[PDB]
Structures are given as structure tokens and as C-alpha cells.
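Novice: File my_file.pdb follows (PDB, C-alpha atoms):
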ATOM      1  CA  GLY W   1     111.241 140.216 125.748  1.00  0.00           C
ATOM      2  CA  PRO W   2     113.336 140.120 122.554  1.00  0.00           C
ATOM      3  CA  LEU W   3     111.796 142.227 119.810  1.00  0.00           C
ATOM      4  CA  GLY W   4     114.792 142.324 117.507  1.00  0.00           C
ATOM      5  CA  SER W   5     116.324 138.863 117.464  1.00  0.00           C
ATOM      6  CA  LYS W   6     114.802 136.541 114.831  1.00  0.00           C
ATOM      7  CA  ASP W   7     116.613 133.422 113.649  1.00  0.00           C
ATOM      8  CA  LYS W   8     117.326 134.546 110.095  1.00  0.00           C
ATOM      9  CA  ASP W   9     119.965 136.952 111.429  1.00  0.00           C
ATOM     10  CA  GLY W  10     121.899 133.993 112.772  1.00  0.00           C
ATOM     11  CA  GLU W  11     120.809 130.391 112.405  1.00  0.00           C
ATOM     12  CA  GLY W  12     118.331 129.662 115.064  1.00  0.00           C
ATOM     13  CA  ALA W  13     117.537 126.621 117.166  1.00  0.00           C
ATOM     14  CA  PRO W  14     118.548 123.225 115.704  1.00  0.00           C
ATOM     15  CA  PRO W  15     115.456 120.933 115.679  1.00  0.00           C
ATOM     16  CA  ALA W  16     115.282 117.181 115.643  1.00  0.00           C
ATOM     17  CA  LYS W  17     117.265 115.431 112.923  1.00  0.00           C
ATOM     18  CA  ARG W  18     114.645 112.743 112.395  1.00  0.00           C
ATOM     19  CA  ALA W  19     114.471 110.585 109.241  1.00  0.00           C
ATOM     20  CA  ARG W  20     115.698 107.441 110.964  1.00  0.00           C
ATOM     21  CA  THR W  21     114.309 104.078 112.027  1.00  0.00           C
ATOM     22  CA  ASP W  22     115.475 100.993 113.915  1.00  0.00           C
ATOM     23  CA  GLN W  23     114.972  97.388 112.847  1.00  0.00           C
ATOM     24  CA  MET W  24     115.600  93.930 114.267  1.00  0.00           C
ATOM     25  CA  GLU W  25     116.299  90.604 112.674  1.00  0.00           C
ATOM     26  CA  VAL W  26     114.587  87.344 113.633  1.00  0.00           C
ATOM     27  CA  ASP W  27     117.657  85.511 112.372  1.00  0.00           C
ATOM     28  CA  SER W  28     116.408  81.954 112.863  1.00  0.00           C
ATOM     29  CA  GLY W  29     113.160  80.936 111.197  1.00  0.00           C
ATOM     30  CA  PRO W  30     111.556  78.927 108.362  1.00  0.00           C
ATOM     31  CA  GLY W  31     113.904  78.337 105.472  1.00  0.00           C
ATOM     32  CA  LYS W  32     114.502  76.036 102.573  1.00  0.00           C
ATOM     33  CA  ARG W  33     113.667  72.342 102.458  1.00  0.00           C
ATOM     34  CA  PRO W  34     116.009  70.111 100.389  1.00  0.00           C
ATOM     35  CA  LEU W  35     114.970  68.709  97.028  1.00  0.00           C
ATOM     36  CA  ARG W  36     117.488  65.881  96.877  1.00  0.00           C
ATOM     37  CA  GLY W  37     116.235  63.439  94.282  1.00  0.00           C
ATOM     38  CA  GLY W  38     117.527  60.250  92.754  1.00  0.00           C
ATOM     39  CA  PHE W  39     116.453  57.375  94.960  1.00  0.00           C
ATOM     40  CA  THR W  40     115.630  56.857  98.616  1.00  0.00           C
ATOM     41  CA  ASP W  41     117.970  56.729 101.623  1.00  0.00           C
ATOM     42  CA  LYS W  42     118.138  52.995 100.856  1.00  0.00           C
ATOM     43  CA  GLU W  43     120.349  53.454  97.805  1.00  0.00           C
ATOM     44  CA  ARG W  44     122.474  55.809  99.837  1.00  0.00           C
ATOM     45  CA  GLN W  45     122.935  53.300 102.642  1.00  0.00           C
ATOM     46  CA  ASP W  46     123.680  50.916  99.783  1.00  0.00           C
ATOM     47  CA  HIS W  47     126.698  52.944  98.740  1.00  0.00           C
ATOM     48  CA  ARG W  48     127.769  53.794 102.301  1.00  0.00           C
ATOM     49  CA  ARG W  49     127.582  50.139 103.267  1.00  0.00           C
ATOM     50  CA  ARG W  50     129.496  49.026 100.187  1.00  0.00           C
ATOM     51  CA  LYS W  51     132.333  51.461 100.628  1.00  0.00           C
ATOM     52  CA  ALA W  52     132.384  50.763 104.338  1.00  0.00           C
ATOM     53  CA  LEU W  53     133.106  47.167 103.439  1.00  0.00           C
ATOM     54  CA  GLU W  54     135.504  48.021 100.657  1.00  0.00           C
ATOM     55  CA  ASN W  55     137.354  49.831 103.415  1.00  0.00           C
ATOM     56  CA  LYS W  56     137.111  46.719 105.558  1.00  0.00           C
ATOM     57  CA  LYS W  57     138.422  44.596 102.682  1.00  0.00           C
ATOM     58  CA  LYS W  58     141.436  46.879 102.606  1.00  0.00           C
ATOM     59  CA  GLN W  59     142.173  47.125 106.320  1.00  0.00           C
ATOM     60  CA  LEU W  60     141.158  43.616 107.338  1.00  0.00           C
ATOM     61  CA  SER W  61     142.991  41.761 104.584  1.00  0.00           C
ATOM     62  CA  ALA W  62     146.031  43.981 105.081  1.00  0.00           C
ATOM     63  CA  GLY W  63     145.952  43.100 108.776  1.00  0.00           C
ATOM     64  CA  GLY W  64     145.320  39.405 108.196  1.00  0.00           C
ATOM     65  CA  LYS W  65     141.730  39.706 109.321  1.00  0.00           C
ATOM     66  CA  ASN W  66     138.493  38.735 107.716  1.00  0.00           C
ATOM     67  CA  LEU W  67     134.977  39.983 107.065  1.00  0.00           C
ATOM     68  CA  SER W  68     131.979  38.850 109.048  1.00  0.00           C
ATOM     69  CA  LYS W  69     129.285  36.777 107.375  1.00  0.00           C
ATOM     70  CA  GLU W  70     126.831  39.556 108.046  1.00  0.00           C
ATOM     71  CA  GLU W  71     128.318  42.526 106.234  1.00  0.00           C
ATOM     72  CA  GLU W  72     130.091  40.493 103.574  1.00  0.00           C
ATOM     73  CA  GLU W  73     126.729  39.068 102.484  1.00  0.00           C
ATOM     74  CA  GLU W  74     124.755  42.312 102.610  1.00  0.00           C
ATOM     75  CA  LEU W  75     127.375  43.950 100.468  1.00  0.00           C
ATOM     76  CA  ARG W  76     127.494  41.247  97.876  1.00  0.00           C
ATOM     77  CA  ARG W  77     123.755  41.631  97.437  1.00  0.00           C
ATOM     78  CA  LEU W  78     124.091  45.427  97.393  1.00  0.00           C
ATOM     79  CA  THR W  79     126.593  45.040  94.602  1.00  0.00           C
ATOM     80  CA  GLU W  80     124.718  42.359  92.731  1.00  0.00           C
ATOM     81  CA  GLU W  81     121.537  44.371  92.628  1.00  0.00           C
ATOM     82  CA  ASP W  82     123.464  47.591  91.984  1.00  0.00           C
ATOM     83  CA  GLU W  83     125.212  46.278  88.891  1.00  0.00           C
ATOM     84  CA  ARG W  84     122.061  44.742  87.383  1.00  0.00           C
ATOM     85  CA  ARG W  85     120.246  48.017  88.027  1.00  0.00           C
ATOM     86  CA  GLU W  86     122.960  50.024  86.331  1.00  0.00           C
ATOM     87  CA  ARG W  87     123.429  47.688  83.398  1.00  0.00           C
ATOM     88  CA  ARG W  88     119.823  47.234  82.343  1.00  0.00           C
ATOM     89  CA  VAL W  89     117.591  47.011  85.459  1.00  0.00           C
ATOM     90  CA  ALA W  90     115.354  44.855  83.248  1.00  0.00           C
ATOM     91  CA  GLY W  91     115.093  41.458  81.604  1.00  0.00           C
ATOM     92  CA  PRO W  92     115.502  41.358  77.791  1.00  0.00           C
ATOM     93  CA  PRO W  93     114.199  38.332  75.766  1.00  0.00           C
ATOM     94  CA  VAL W  94     117.856  37.344  75.244  1.00  0.00           C
ATOM     95  CA  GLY W  95     117.511  36.558  71.557  1.00  0.00           C
ATOM     96  CA  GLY W  96     114.869  33.981  70.976  1.00  0.00           C
ATOM     97  CA  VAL W  97     114.257  32.215  67.710  1.00  0.00           C
ATOM     98  CA  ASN W  98     110.625  31.129  67.405  1.00  0.00           C
ATOM     99  CA  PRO W  99     107.819  30.066  69.798  1.00  0.00           C
ATOM    100  CA  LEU W 100     107.598  26.410  68.839  1.00  0.00           C
ATOM    101  CA  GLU W 101     103.939  25.694  68.850  1.00  0.00           C
ATOM    102  CA  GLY W 102     102.557  24.252  65.701  1.00  0.00           C
ATOM    103  CA  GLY W 103     105.680  24.244  63.610  1.00  0.00           C
ATOM    104  CA  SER W 104     106.314  20.529  63.864  1.00  0.00           C
ATOM    105  CA  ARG W 105     109.183  19.115  61.854  1.00  0.00           C
ATOM    106  CA  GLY W 106     110.638  15.769  60.891  1.00  0.00           C
ATOM    107  CA  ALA W 107     112.779  13.939  58.363  1.00  0.00           C
ATOM    108  CA  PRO W 108     111.475  14.438  54.790  1.00  0.00           C
ATOM    109  CA  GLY W 109     112.091  11.473  52.531  1.00  0.00           C
ATOM    110  CA  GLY W 110     110.981   7.878  52.301  1.00  0.00           C
ATOM    111  CA  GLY W 111     113.601   5.814  54.070  1.00  0.00           C
ATOM    112  CA  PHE W 112     115.753   3.632  51.854  1.00  0.00           C
ATOM    113  CA  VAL W 113     114.742   2.531  48.372  1.00  0.00           C
ATOM    114  CA  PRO W 114     116.282   0.380  45.632  1.00  0.00           C
ATOM    115  CA  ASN W 115     116.224   3.276  43.172  1.00  0.00           C
ATOM    116  CA  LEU W 116     117.834   6.683  42.753  1.00  0.00           C
ATOM    117  CA  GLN W 117     114.627   8.153  41.303  1.00  0.00           C
ATOM    118  CA  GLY W 118     114.398  11.012  38.865  1.00  0.00           C
ATOM    119  CA  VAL W 119     116.173  10.632  35.529  1.00  0.00           C
ATOM    120  CA  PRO W 120     117.590   7.086  36.203  1.00  0.00           C
ATOM    121  CA  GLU W 121     115.629   4.010  35.164  1.00  0.00           C
ATOM    122  CA  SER W 122     114.481   5.903  32.108  1.00  0.00           C
ATOM    123  CA  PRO W 123     117.679   5.552  29.996  1.00  0.00           C
ATOM    124  CA  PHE W 124     118.213   2.163  28.493  1.00  0.00           C
ATOM    125  CA  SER W 125     121.895   2.395  29.311  1.00  0.00           C
ATOM    126  CA  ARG W 126     123.493   3.060  32.657  1.00  0.00           C
ATOM    127  CA  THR W 127     125.219   6.021  34.278  1.00  0.00           C
ATOM    128  CA  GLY W 128     128.849   5.719  35.315  1.00  0.00           C
ATOM    129  CA  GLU W 129     132.049   5.589  33.300  1.00  0.00           C
ATOM    130  CA  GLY W 130     131.891   2.659  30.970  1.00  0.00           C
ATOM    131  CA  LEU W 131     133.447  -0.341  32.612  1.00  0.00           C
ATOM    132  CA  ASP W 132     134.742  -1.175  36.064  1.00  0.00           C
ATOM    133  CA  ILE W 133     135.654  -4.326  37.957  1.00  0.00           C
ATOM    134  CA  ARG W 134     138.019  -3.752  40.827  1.00  0.00           C
ATOM    135  CA  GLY W 135     141.215  -2.238  39.632  1.00  0.00           C
ATOM    136  CA  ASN W 136     144.872  -3.090  39.106  1.00  0.00           C
ATOM    137  CA  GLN W 137     145.380  -3.244  42.870  1.00  0.00           C
ATOM    138  CA  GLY W 138     142.135  -5.087  43.519  1.00  0.00           C
ATOM    139  CA  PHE W 139     141.326  -2.963  46.538  1.00  0.00           C
ATOM    140  CA  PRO W 140     143.106   0.274  47.593  1.00  0.00           C
TER     141      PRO W 140
END
Would you encode the structure as C-alpha cells?
Specialist:
Amino acid sequence: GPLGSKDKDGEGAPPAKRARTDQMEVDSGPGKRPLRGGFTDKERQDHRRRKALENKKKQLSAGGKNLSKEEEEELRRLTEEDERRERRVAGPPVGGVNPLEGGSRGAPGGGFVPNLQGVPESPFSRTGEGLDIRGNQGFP
């Protein structure tokens, strides 16, 4: 056989190239769950409903039509509750004055008396002007 060939004199035999791998992708699998907050689906239906009707208000009235008792009522309530919720969602005391329990009142005085009290009826003379009868006209 060959005694004077080698591979250094030329190049030799080209081996495997190697250093390679194959992969596959599952594609569909577990993912992310939503974290939508705010309120429940209820409030969302609230807005959908509302604007569904607001649309109806537009189209129906423009076509000489009218809303049905059903959806007209539900919406009104949706709106009523919505606006109170937005505005305060609570009940303030309004602006009270005083819990009237034991603060009983009345009319301080003594009725009618034949005296002015105080300083009067001490002087020997009388308070007024000096003299008076009727006047030059008798009665204005």
C-alpha cells in the first residue's frame, strides 16, 4: 500500500463539519392572562348598553321611531347610578345645623306690661319732648 502519501503533503480527507443542532417550536402553549382591572363586566355592559341606546336615540329619533320601555329604562338607571357613582358615590350630611335634642327654645319676655321697665318710673319727670297734643293738622 501507500508508504509515501500522508495528508500533510496535500490536505487530506475532509471529515464531518459538525457543530450544528436542530430545534423545533411548540408555537401554541400557555401564555399571559389579562390583568384588566377597574370594575367587573357589569360596568362594561353598563357603558356598552348606554352607548347602544345613545345610538338608538340618534337613529330612532332621526327616523321618527322610538325606544322600547325595556332598554330606555335600563339605560336611565345605568346613567343615574353612573353619575352618582362618579360625582361622589356616597351620601354627605348635606350641611346640618344641630341635632335638636335638649336645646328647647321659646319666647323670652313676660308678655305685655303697663311699664317700660329699666330707667323709667324712677325719674320724677317724664321722657319725651316737652309737650304734645295732636298737632296743627290734628292727624296726619
Novice: Between atom CA of residue 72 of chain W and atom CA of residue 84 of chain W, what distance in Å does the model show, to one decimal?
Specialist: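 Those two atoms sit 18.6 Å apart.
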Novice: Please, what distance in Å, to one decimal, runs between atom CA of residue 121 of chain W and atom CA of residue 134 of chain W?
Specialist: 24.4 Å
Novice: One decimal, Å: what's the distance from atom CA of residue 39 of chain W over to atom CA of residue 78 of chain W, could you say?
Specialist: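 Going from atom CA of residue 39 of chain W over to atom CA of residue 78 of chain W covers 14.4 Å.
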Novice: Smallest atom-to-atom distance to residue 80 of chain W: which of W:101, W:54, W:46, W:41, using all atoms listed in the file?
Specialist: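 Smallest distance to residue 80 of chain W is found for W:46.
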Novice: Calculated over only C-alpha atoms, which of the candidates W:10, W:85, W:51, W:138 has the smallest distance to residue 71 of chain W?
Specialist: W:51
Novice: Using all atoms of segment 30-48 of chain W listed in the file and a margin of 8 Å per side, can you give the axis-aligned box centre and edge lengths in Å to one decimal, as lines of an AutoDock Vina configuration file?
Specialist:
center_x = 119.7
center_y = 64.9
center_z = 100.6
size_x = 32.2
size_y = 44.0
size_z = 31.6
Novice: Please return segment 46-64 of chain W, rebuilt to N, CA, C and O atoms, as a PDB file, in the frame of the given file.
Specialist:
ATOM      1  N   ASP W  46     123.115  51.910 100.691  1.00  0.00           N
ATOM      2  CA  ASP W  46     123.680  50.916  99.783  1.00  0.00           C
ATOM      3  C   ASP W  46     125.132  51.241  99.473  1.00  0.00           C
ATOM      4  O   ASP W  46     126.022  50.395  99.593  1.00  0.00           O
ATOM      5  N   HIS W  47     125.362  52.493  99.108  1.00  0.00           N
ATOM      6  CA  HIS W  47     126.698  52.944  98.740  1.00  0.00           C
ATOM      7  C   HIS W  47     127.592  53.104  99.966  1.00  0.00           C
ATOM      8  O   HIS W  47     128.767  52.739  99.932  1.00  0.00           O
ATOM      9  N   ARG W  48     127.031  53.640 101.047  1.00  0.00           N
ATOM     10  CA  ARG W  48     127.769  53.794 102.301  1.00  0.00           C
ATOM     11  C   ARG W  48     128.250  52.441 102.799  1.00  0.00           C
ATOM     12  O   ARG W  48     129.419  52.266 103.140  1.00  0.00           O
ATOM     13  N   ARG W  49     127.322  51.497 102.838  1.00  0.00           N
ATOM     14  CA  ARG W  49     127.582  50.139 103.267  1.00  0.00           C
ATOM     15  C   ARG W  49     128.717  49.539 102.462  1.00  0.00           C
ATOM     16  O   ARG W  49     129.736  49.119 103.011  1.00  0.00           O
ATOM     17  N   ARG W  50     128.489  49.481 101.154  1.00  0.00           N
ATOM     18  CA  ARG W  50     129.496  49.026 100.187  1.00  0.00           C
ATOM     19  C   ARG W  50     130.884  49.546 100.496  1.00  0.00           C
ATOM     20  O   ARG W  50     131.808  48.770 100.718  1.00  0.00           O
ATOM     21  N   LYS W  51     131.024  50.854 100.537  1.00  0.00           N
ATOM     22  CA  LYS W  51     132.333  51.461 100.628  1.00  0.00           C
ATOM     23  C   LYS W  51     132.885  51.343 102.039  1.00  0.00           C
ATOM     24  O   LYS W  51     134.099  51.437 102.257  1.00  0.00           O
ATOM     25  N   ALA W  52     131.988  51.113 102.987  1.00  0.00           N
ATOM     26  CA  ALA W  52     132.384  50.763 104.338  1.00  0.00           C
ATOM     27  C   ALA W  52     133.107  49.426 104.321  1.00  0.00           C
ATOM     28  O   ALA W  52     134.164  49.261 104.936  1.00  0.00           O
ATOM     29  N   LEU W  53     132.525  48.478 103.600  1.00  0.00           N
ATOM     30  CA  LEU W  53     133.106  47.167 103.439  1.00  0.00           C
ATOM     31  C   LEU W  53     134.341  47.180 102.592  1.00  0.00           C
ATOM     32  O   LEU W  53     135.282  46.489 102.903  1.00  0.00           O
ATOM     33  N   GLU W  54     134.328  47.929 101.502  1.00  0.00           N
ATOM     34  CA  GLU W  54     135.504  48.021 100.657  1.00  0.00           C
ATOM     35  C   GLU W  54     136.682  48.501 101.496  1.00  0.00           C
ATOM     36  O   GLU W  54     137.815  48.046 101.335  1.00  0.00           O
ATOM     37  N   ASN W  55     136.379  49.388 102.434  1.00  0.00           N
ATOM     38  CA  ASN W  55     137.354  49.831 103.415  1.00  0.00           C
ATOM     39  C   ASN W  55     137.787  48.661 104.287  1.00  0.00           C
ATOM     40  O   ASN W  55     138.978  48.476 104.537  1.00  0.00           O
ATOM     41  N   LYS W  56     136.815  47.871 104.756  1.00  0.00           N
ATOM     42  CA  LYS W  56     137.111  46.719 105.558  1.00  0.00           C
ATOM     43  C   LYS W  56     137.983  45.727 104.796  1.00  0.00           C
ATOM     44  O   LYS W  56     138.943  45.212 105.337  1.00  0.00           O
ATOM     45  N   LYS W  57     137.652  45.481 103.536  1.00  0.00           N
ATOM     46  CA  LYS W  57     138.422  44.596 102.682  1.00  0.00           C
ATOM     47  C   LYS W  57     139.883  45.004 102.738  1.00  0.00           C
ATOM     48  O   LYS W  57     140.768  44.183 102.981  1.00  0.00           O
ATOM     49  N   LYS W  58     140.103  46.302 102.566  1.00  0.00           N
ATOM     50  CA  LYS W  58     141.436  46.879 102.606  1.00  0.00           C
ATOM     51  C   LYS W  58     142.135  46.625 103.938  1.00  0.00           C
ATOM     52  O   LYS W  58     143.151  45.932 103.995  1.00  0.00           O
ATOM     53  N   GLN W  59     141.561  47.163 105.003  1.00  0.00           N
ATOM     54  CA  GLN W  59     142.173  47.125 106.320  1.00  0.00           C
ATOM     55  C   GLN W  59     142.299  45.703 106.857  1.00  0.00           C
ATOM     56  O   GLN W  59     143.355  45.303 107.346  1.00  0.00           O
ATOM     57  N   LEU W  60     141.216  44.951 106.762  1.00  0.00           N
ATOM     58  CA  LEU W  60     141.158  43.616 107.338  1.00  0.00           C
ATOM     59  C   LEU W  60     142.154  42.693 106.652  1.00  0.00           C
ATOM     60  O   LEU W  60     142.980  42.082 107.318  1.00  0.00           O
ATOM     61  N   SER W  61     142.105  42.616 105.326  1.00  0.00           N
ATOM     62  CA  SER W  61     142.991  41.761 104.584  1.00  0.00           C
ATOM     63  C   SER W  61     144.449  42.153 104.805  1.00  0.00           C
ATOM     64  O   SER W  61     145.325  41.294 104.944  1.00  0.00           O
ATOM     65  N   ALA W  62     144.693  43.454 104.851  1.00  0.00           N
ATOM     66  CA  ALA W  62     146.031  43.981 105.081  1.00  0.00           C
ATOM     67  C   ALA W  62     146.524  43.651 106.492  1.00  0.00           C
ATOM     68  O   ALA W  62     147.730  43.578 106.737  1.00  0.00           O
ATOM     69  N   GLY W  63     145.591  43.454 107.415  1.00  0.00           N
ATOM     70  CA  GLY W  63     145.952  43.100 108.776  1.00  0.00           C
ATOM     71  C   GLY W  63     145.802  41.615 109.062  1.00  0.00           C
ATOM     72  O   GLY W  63     145.979  41.174 110.198  1.00  0.00           O
ATOM     73  N   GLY W  64     145.472  40.842 108.034  1.00  0.00           N
ATOM     74  CA  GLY W  64     145.320  39.405 108.196  1.00  0.00           C
ATOM     75  C   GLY W  64     144.015  39.025 108.866  1.00  0.00           C
ATOM     76  O   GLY W  64     143.896  37.955 109.462  1.00  0.00           O
TER      77      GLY W  64
END
